[PDB]
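In the entry's author numbering, the protein residues as written are 1 to 59.
The beta carbon of each residue, even a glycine, is placed where N, CA and C say it ideally should be.
Contents: one structure, followed by commentary.
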Amino acid sequence: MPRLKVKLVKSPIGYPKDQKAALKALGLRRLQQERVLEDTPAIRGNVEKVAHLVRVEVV
RNA sequence: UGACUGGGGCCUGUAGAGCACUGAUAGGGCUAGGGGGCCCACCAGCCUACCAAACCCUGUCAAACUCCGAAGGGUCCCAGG
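This is the structure in structure tokens:
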């Protein structure tokens with residue numbers, strides 16, 4: 001799977017519980033933090049959900 | 001095993017729409033009664049740009065109407081986590 005690279009770039013302060021929890025699923029705690037993740041449809045499913053807080057690249 | 005997410009299988013009567021049921025409805029057709037002119041009381045008879053059921057056509061309304069009906073949500077299984 002051509003790996004996904006994600007960066008948290010907006011504060012989740014003010015968004016719903018579940019959205020903050022998807023970030024948690026991903027392992028994104030801090031702002032500007034980047035994580036490299038395999039491209040399974042469950043990984044994608046969550047990143048879909050927090051699309052508006054994250055920029056996404058391919059590796 | 002968690003929150004959250006992917007793939008499946010059930011359950012549901014809202015948004016929206018509709019008039020088959022319950023009721024409401026504007027106009028026209030068709031047509032019981034009743035009013036009233038022609039008229040005879042021996043009771044019949046003909047007409048009326050009157051009020052008007054039931055029924056049909058056109059046009060619509062409804063938390064306590066529904067022939068119909070999403071997005072979603074609920075739950076169970078397999079996974080990621």
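Which residues DSSP lists as bridging residue i, in chain order
| i | result |
| --- | --- |
| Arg55 | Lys7 |
| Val36 | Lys5 |
Residue i: CB within 8 Å of a non-hydrogen atom of the ligand NAP
| i | result |
| --- | --- |
| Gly14 | Because no ligand of any kind appears in the structure shown, any question about the ligand NAP cannot be addressed here. |
Same chain only: Cβ atoms within 6 Å of residue i, ignoring 5 sequence neighbours per side
| i | result |
| --- | --- |
| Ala22 | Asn46, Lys49, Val50 |
| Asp39 | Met1, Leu4 |
| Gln33 | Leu8 |
| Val58 | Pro2 |
CB of residue i within 9 Å of CB of residue j, strictly
| i | j | result |
| --- | --- | --- |
| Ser11 | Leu31 | yes |
| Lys5 | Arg35 | yes |
| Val9 | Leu37 | no |
Sequence-distant residues of the same chain with beta carbon closer than 8 Å to residue i, five excluded per side
| i | result |
| --- | --- |
| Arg55 | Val6, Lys7, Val9 |
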